[PDB]
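Coordinates in review
Below are the chains, spelled out letter by letter.
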Amino acid sequence: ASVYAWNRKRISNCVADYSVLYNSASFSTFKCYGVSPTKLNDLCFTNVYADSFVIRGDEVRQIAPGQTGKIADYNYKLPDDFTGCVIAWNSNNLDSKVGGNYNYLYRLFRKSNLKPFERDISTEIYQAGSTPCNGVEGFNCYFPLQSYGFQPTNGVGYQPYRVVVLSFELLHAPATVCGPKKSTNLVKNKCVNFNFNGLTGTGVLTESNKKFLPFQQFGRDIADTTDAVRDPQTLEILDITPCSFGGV
Amino acid sequence: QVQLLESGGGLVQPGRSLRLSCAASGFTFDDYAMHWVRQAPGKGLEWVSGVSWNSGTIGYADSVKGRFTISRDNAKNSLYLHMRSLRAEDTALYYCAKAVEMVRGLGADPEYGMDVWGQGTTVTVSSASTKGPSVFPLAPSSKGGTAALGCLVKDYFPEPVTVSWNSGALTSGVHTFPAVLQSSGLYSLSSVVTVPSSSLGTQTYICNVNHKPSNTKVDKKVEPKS
Amino acid sequence: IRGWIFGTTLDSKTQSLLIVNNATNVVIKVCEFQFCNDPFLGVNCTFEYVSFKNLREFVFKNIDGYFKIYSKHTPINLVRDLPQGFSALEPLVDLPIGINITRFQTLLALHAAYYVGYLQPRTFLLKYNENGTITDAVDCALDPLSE
Amino acid sequence: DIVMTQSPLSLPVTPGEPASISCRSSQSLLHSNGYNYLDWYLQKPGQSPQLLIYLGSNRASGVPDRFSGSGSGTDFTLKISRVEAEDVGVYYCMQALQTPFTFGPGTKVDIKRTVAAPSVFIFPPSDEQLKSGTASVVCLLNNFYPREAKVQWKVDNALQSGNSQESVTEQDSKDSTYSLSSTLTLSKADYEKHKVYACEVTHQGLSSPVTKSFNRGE
Ligand SMILES: *[C@@H]1O[C@H](CO)[C@@H](O)[C@H](O)[C@H]1NC(C)=O
Ligand SMILES: *[C@@H]1O[C@H](CO)[C@@H](O)[C@H](O)[C@H]1NC(C)=O
């Protein structure tokens, strides 16, 4: 939809990735101020409000902690407490039809000052006073739901821009929306460090002849020294041997 | 169960703006596309607009594109379509429908194969001053056979004043005339029934015309000029 | 015997735990609604999940909001009472619920014999075989020889 | 808009016999996989509309599968293999790729019967309808089929168009016929100044124009 009908999508249980935004795919803009671009894919976030809609491209440069403008304070407010990032991509063909796409309108001259992250799906008659008009804007109200240029080559003042604003709240119990541990390949017959789902150690780990049970993960000895393990990805059994030492 | 409740229209004088609302259930709102498809009483269905899982609206119909404004209230499962300059082409039963296809219908939102349909609104385009109803009886040709008879309530306002015959005695094979527009703006209907031809000489008929808005019924005389 | 209701108040005020088994489904619910105390026979809602010759053991406990349900089926051919034998007990369900529980009751249907015992914080010794199954055990508080 | 049409618009089809209807759109429906989007739908007065076939050829659920779809691009021909009064009705087709979407006329499909005997009648005004400033007369065909019936008003070699309205009804399936009512309204100032008022309506079975000429209310 357009910005006047902006989509509030509560989204979680996902894989936060910034590669798709710039380098995996060359979307127009990925902008934010407090959270680093590179740290999105390795921190785990509970839930995120996604503001997914289409806005005028002319006021995308209005998108800032302040920088009030047509969109920034009349179509959707972007305050300083921007705990998240905005992902916009140009949609010249997608949101501008040659024959007139009189559907992705914009809420011009909004009724009231935009509330903090207001659900500006409010699509009503622009407020002027206490006059009960007969459905016709009289002398002080325009048509707030006004149409863009709607050309395939929209000017600088009417560019078509798609927007997903991610604002993340990790205050609630985690829904674990993040990439899981970066699982490398497996090493046989080499003294290496290792972390298996919380089990931290260092040794040489090799193929085994022991047989486990479906509920069993670890393996010990007389003195509670970890001796066997199962690969988290797939069913198999690896013995662990300490790296050699001695006297010289 | 499923029952899509759409409303918002009524005694709407043309040249005013409203917000038709459809409430829907039986699914997940912000992941399925609700579509406005109009169908005027006596006219075929026609697509108006739609809104999808990403709120992915598309457009409006032939001469209505732009005056309407489509918005969604995802939480309470509501869909508001703005009404501007509702005329005989812009007024209809604004059915709200759901496409069966799931996410990524392909690129386009699920908008085809929408077999499930709710109850559209009843936007109407006629408003005026009032005056008492009048009726004219109808007798067949001025002659064991077949004939058709009724009593046309004409120059009345508003519709309907229900028509039957002698407490529903002889009304098998019934057909009701819709309303008609005269110069002033007062409707006219009747209820003509396929019966035998005892109309003219041997009977002085009476038909029931029911002024339902005032909770009144009239058993009025029916006979040709003789 | 397929029904279990766990709780404290059991008047749809606090989280009531229901574990029941439909003919083709296994239903587990934690919600707060007083339902029928007797399912029929043929011939709030924070977390839910759906799919004599038999002797079934089920051990129930709960620690730190973690419910533990250990279960083992076995065949028998006897009617008078359980025989004398030894067997292990695998762990089969853990549930992160986080609810206060004080009492329970089984749930049946209408168209005889079931035992309940209680636990204590004891100190045991166990003999793990070569494969990894608990084939024998002993207690340290029964009698001098045992300790 | 989309220039959408259907053919034939109104064909007499006997229930139990196959019936082919078409759709011609204006804006293309081809995604880059060979997708045909112009679904086939049906409209019935009184009940919810029927979706005939979605995606052109995939016989849609919720309706009998007796409809078979074919076509490509914007051309979409559906043949009902064996239509029944349950499948007879108004016909439409919907597309969901490029806005705006404009529909066809709506193919009226009904019951076709062999030639029957028409029951043509007229309703001269009663006693109170003469002086009241309006003397309306209804010319009604009942027990007449086929549905088509051209109507002419003959007064002093003049035709009453615009001053006369027409009202139609549903089908009388007992004899598979209809009812047409040409309703003429005229003020007392000029209605009674002449004598002859001929409703000439042409039933197909009786080819000569059926003329109901009435001097005045009777
Ligand atoms: C992960 O995916 C691979 C694909 O072959 C499969 O072999 C393996 O069993 C899977 N491991 C799981 C589900 O733990
Ligand atoms: C223990 O392991 C061996 C080899 O797997 C096999 O005999 C069987 O699995 C077990 N034998 C017992 C319990 O006697």
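How each quantity is defined
- Residues numbered from 1 in each chain as written, not as in the entry; some residues may be left out.
- Chains lettered and ligands numbered in written order.
- Part of a larger assembly, values for the part shown.
- Heavy atoms only, no water.
- Residues with missing side-chain atoms left out of burial classes, pairs and counts.
- Contact = heavy atoms within 4.5 Å.
- Buried area = accessible area lost by both parts, 1.4 Å probe.
- Salt bridge = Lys/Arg side-chain N within 4 Å of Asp/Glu carboxyl O.
- Polar contact = N/O pair within 3.5 Å; in protein donor to acceptor, adjacent residues only side chain to side chain.
- Nonpolar A, V, L, I, M, F, W, Y, C, P; charged D, E, K, R; others polar.
- Helix = DSSP H or I, 4+ residues; strand = E, 2+ residues; numbered from the N terminus.
- Buried < 20%, exposed > 50% of the residue type's maximum accessible area, 1.4 Å probe, protein only.
- Disulfide = S-S within 2.5 Å.
- Pairing = 2+ DSSP bridges.
- Near = heavy atom within 4 Å.
- Areas by Shrake-Rupley, 256 points an atom, 1.4 Å probe, with all protein chains shown as cover.

- Header annotation of the entry names cryo-EM as the structure determination method and lists the resolution as 3.65 Å.

**Concerning the interface of chain C and chain A**
- Each partner contributes to the interface: chain C provides five residues, whereas chain A provides four residues.
- Roughly 340 Å² is buried in total at the junction of chain C and chain A, and carbon and sulfur atoms are behind 61% of that figure.
- Counting the surface chain C buries against chain A, the share from its top three residues, C:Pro91, C:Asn131 and C:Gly132, is 75%.
- Our enumeration of links across chain C and chain A arrives at zero salt bridges.
- Linking chain C with chain A are zero residue pairs in polar contact.
- Across the side of chain C that touches chain A, the residue classes tally to one nonpolar, three polar and one charged.

**Comments concerning the pattern of salt bridges**
- By the definition in use, this model includes 24 salt bridges over all chains.
- Note that B:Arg19 and A:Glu124 form a salt bridge whose closest N and O atoms lie 2.8 Å from each other. Of this pair, B:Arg19 sits in strand β2 (residues 18–23) while A:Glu124 is found in the loop between β5 (106–107) and β6 (145–146), placing the two residues in two different chains.
- Overall, the relative accessible area of 28% leaves A:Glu124 in the partly exposed class.
- One salt bridge in this structure joins C:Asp11 and C:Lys13, with 3.8 Å as the shortest N-O distance.
- Through salt bridges with shared partners, a single ionic network connects A:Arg110, A:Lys115, A:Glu118 and A:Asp120.

**Re the state of the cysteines**
All names here are of chain A.
- Counted under the stated rule, the structure contains eight disulfides over all chains.
- Disulfide partner of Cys44: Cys178, at an S-S distance of 2.0 Å. On the sign convention where negative means left-handed, the S-S torsion of about 80 degrees between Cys44 and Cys178 marks this disulfide as right-handed. On the criterion of sequence distance, the pair formed by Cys44 in the loop between β2 (29–31) and β3 (47–56) and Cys178 in the loop between β7 (160–169) and β8 (192–196) is long-range, its members being 134 residues apart.
- Under the relative-accessibility criterion, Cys178 is labelled buried at 12%.

**Focus: the pairing of strand β10 (residues 147–156) of chain B**
All names here are of chain B.
- Counting buried positions along β10 yields ten of ten residues, so the element is predominantly enclosed.
- Both β10 and strand β13 (residues 187–195) contribute to a ladder of six bridges, which runs antiparallel. Note on β13: the bridge partner recorded for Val153 is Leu189.

**Some words on the site of ligand 2**
- Neighbouring ligand 2 are the residues A:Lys211, C:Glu130 and C:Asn131.
- Mapping the residues near ligand 2 onto chains gives chains A and C.
- At 3.3 Å from an oxygen atom of ligand 2 is found a side-chain nitrogen or oxygen belonging to A:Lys211.
- Protein burial of ligand 2: of its 350 Å² of free accessible surface, 32% is covered by the chains.

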